Amino acid sequence: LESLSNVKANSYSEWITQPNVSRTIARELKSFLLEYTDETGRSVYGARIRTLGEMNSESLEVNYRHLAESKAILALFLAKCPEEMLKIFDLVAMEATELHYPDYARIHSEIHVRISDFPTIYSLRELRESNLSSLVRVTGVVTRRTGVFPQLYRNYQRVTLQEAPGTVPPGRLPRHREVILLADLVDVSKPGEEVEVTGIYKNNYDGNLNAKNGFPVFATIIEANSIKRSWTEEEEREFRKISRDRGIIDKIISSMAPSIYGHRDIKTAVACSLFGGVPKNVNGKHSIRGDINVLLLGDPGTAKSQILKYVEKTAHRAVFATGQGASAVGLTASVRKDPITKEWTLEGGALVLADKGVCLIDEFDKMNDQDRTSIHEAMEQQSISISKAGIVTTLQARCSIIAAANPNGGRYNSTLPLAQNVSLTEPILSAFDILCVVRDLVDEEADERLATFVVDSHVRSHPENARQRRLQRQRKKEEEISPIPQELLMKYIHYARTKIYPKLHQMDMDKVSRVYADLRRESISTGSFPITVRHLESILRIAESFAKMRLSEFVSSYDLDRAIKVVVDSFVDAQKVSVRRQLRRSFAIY
Amino acid sequence: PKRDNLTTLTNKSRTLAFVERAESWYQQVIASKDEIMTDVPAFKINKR
Amino acid sequence: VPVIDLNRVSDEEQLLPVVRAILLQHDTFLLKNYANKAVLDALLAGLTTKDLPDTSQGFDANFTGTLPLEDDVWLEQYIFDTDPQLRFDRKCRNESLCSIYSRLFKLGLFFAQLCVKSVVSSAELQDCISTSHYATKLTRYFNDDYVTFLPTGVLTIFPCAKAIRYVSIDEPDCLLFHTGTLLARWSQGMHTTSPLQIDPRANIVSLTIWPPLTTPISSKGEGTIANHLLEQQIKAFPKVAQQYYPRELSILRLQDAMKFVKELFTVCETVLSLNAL
Ligand SMILES: Nc1ncnc2c1ncn2[C@@H]1O[C@H](COP(=O)(O)OP(=O)(O)O)[C@@H](O)[C@H]1O
């Protein structure tokens, strides 16, 4: 009978709707759910049904590939006509599990099937017309989310999925689609999450829109069947090798922005902000952020903006903003109407998008204080609090910030402190971990080096198995200016961020506390800036980031020394000239 | 390679054919006394 | 993980129903409140602080001795069989290891017989493992990335179920008992097992028991337990196998490659089928 299902004289959906074929594959589905073999694992689905009936779970989960092995055409019919096939798979799963767990219908009326690990993946820009009425798997970001309400009852919810922040082509707004979520699949995600969902792609706005206007139009939606929120050993064979190489930290820093000369105290600050620290949440107490905050203040030139353009491409999820081009609404949240539930719905801004990512604010000084106040509370609380249009809620905004600014009058006053060179108020300055102060002072020593670098940078980036040949040539040029190929570094950073969570050793407690007390003693001795605990909190974070560079699970003494160097150097360099020279001699050891 | 885009008859049979090809070739190789190759040798693509 | 407590289940008529229920649903179970556990803790302390392994013993073709591993890690292993035909003269050089081995083998032997009695339906194989007919392997790591291994013995015993992965186990007061592939094939398909994962730098001590190695696995061929143990040891120690068993190492390494292509071809049929439709 299984072979007879292959022989089809009609369309794919037409053949399935036949009662004999429907009952044929219903028996075929029923046979598989208990009969399977995975060598040592044997009938894994027998245990799957066992634990599912143990939990009385409504979510009937299945792996896609396993069905295609025992029942070759049964799985392919499921893919081409998911609605028709899952309709009877509801009953087959009910009867097959009732073989193991009878009287299941006594409590639960239906068994909605959750498909998993579907292999074919589509992006929001690849949804061709041929993909209509078919099972599809897409990945995106949760921008808009509705509440939970019953539907003609069972739970219902509606969500929008938006393109990946770092993949939008220039000149286009981010493409997005409406997604339909059913019962038992509600509250699976929250705004700002990056998720992959499997569902059916179809048009469903027929009815009232037809007679509403001439040349009527509809919209495309995705009926969420199952949603999900990944490495291989062959790649880890490369990451582990480089992780223990000599000068791994120096290879990373020297590979930040290859075509930018000098500014090594920024490049090390960019490198640390990419890897980040380790967030902590003590139960019954407050949490601790792990994101590294960088402030780039300097005279016109010095490529502060080009750094933020390099961070945009290298980081995983980068959201770029500008002080004047942004608004208070455009950062925190916005409000949309929804006729399905009739309550107001909230859509997140730029800070919500960059959750578990980096938020870039170019020309940070030029925005108004009301716009700047939102950014301050964003870095402090890592969340957005809003009370607008009757909606009171909080969203996750765990993002790292890299800011470029300009001093008052367009030139840095070397004889005055940083707290008196910019309009940025001191409480907002305290939210930064690394404060880089770039001066542009003339000298033939630096100018010949810088110019000969730039004049070679332009002659390098000059425009003019062929794909492999071009990639090899680009790799050659990457090696000529950087120690590490860039796309490898992108993968290298992602693995370190995802896998490595380096931990402290209490053996280094003396190394940390003694330096802090020594730094505190000099603060009252010389200078007006008092050393705060937040500096020590900054030292540990960057110390963890340095350990995360080596892919070592424990903090070493070497990482702490470089961690102490960066924070002390920034604190010293921000002081006025008279105080600056005194502190450099007092901290020659560090 | 089948004359139709999809056929379950040529799915299990070719999967069994691969099993038969692999298992029989497994028995052929183990008869050798020299150092048996630890990995399947790579096919060489003929010029089109 | 199932737990067996001697304060609650200690009789044969109590253990046998429990072991059968465990083996038909699990491949690893815990032993709790064993009287010798307190003595084992003191013995393990000596083995980790004073009883440094004898590195001059070397490692032989019989898969016995102190094998050095990567990162200067040392693995002390001994194999013994009651059958005189096998020359396992390289017995354990440390008394503390023998003290643990005797205590583990005193009760583990009864448990191993229970495991066979639980799932092996053959009446002839009920007494295949005994005091005068047994084979045991003692393994001890030492240090001055987890290793995946699949024991072939009927029962694998650890004096402490800590830092062992398969999910991790962190029970300091419970012993770990694991069953290998030999029990699975004699169970007529009723029981199967899964490999374990351990940290080679954790200094884990382990003991595994087989029936006499000369016992044939089945009457349908010449396969014996010694061949099955040799298969596992060659797979576990390819570098040592190259010096003494090159052809067998090549054959066994070929099996893994032949398994990969079968698994790979299984998936590839689905992918091309989906694009066709
Ligand atoms: N330190 C530097 N090394 C090399 N090139 C630089 C440097 N600083 C600036 N440039 C050049 O100047 C441009 C950056 O200018 P810009 O982004 O406007 O700086 P800012 O925005 O900080 O004033 C880049 O195209 C770069 O080629």
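Swiss-Prot numbering applies to chain A: residues 183-334, 382-458, 475-709, 739-864, in that order.
How was it done? The header gives electron microscopy, 3.3 Å.
Heads up, the Cβ atoms here are built off N, Cα and C, so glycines get one too.
These come from Swiss-Prot:
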BINDING   A:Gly543, A:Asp544, A:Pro545, A:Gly546, A:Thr547, A:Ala548, A:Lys549, A:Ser550  ATP binding site
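Known features from Swiss-Prot, placed on the structure.
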residue	record	Cβ neighbours (10 Å)
A:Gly543	ATP binding site	20
A:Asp544	ATP binding site	16
A:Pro545	ATP binding site	10
A:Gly546	ATP binding site	9
A:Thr547	ATP binding site	20
A:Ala548	ATP binding site	21
A:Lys549	ATP binding site	23
A:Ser550	ATP binding site	14
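Secondary structure at A:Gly543 (ATP binding site), as computed by DSSP, is strand. The ATP site is set by A:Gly543, A:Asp544, A:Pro545, A:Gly546, A:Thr547, A:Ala548, A:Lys549, A:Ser550; from the centre of their CB atoms, other residues of the chain with a CB within 8 Å are A:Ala649, A:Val683, A:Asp685.
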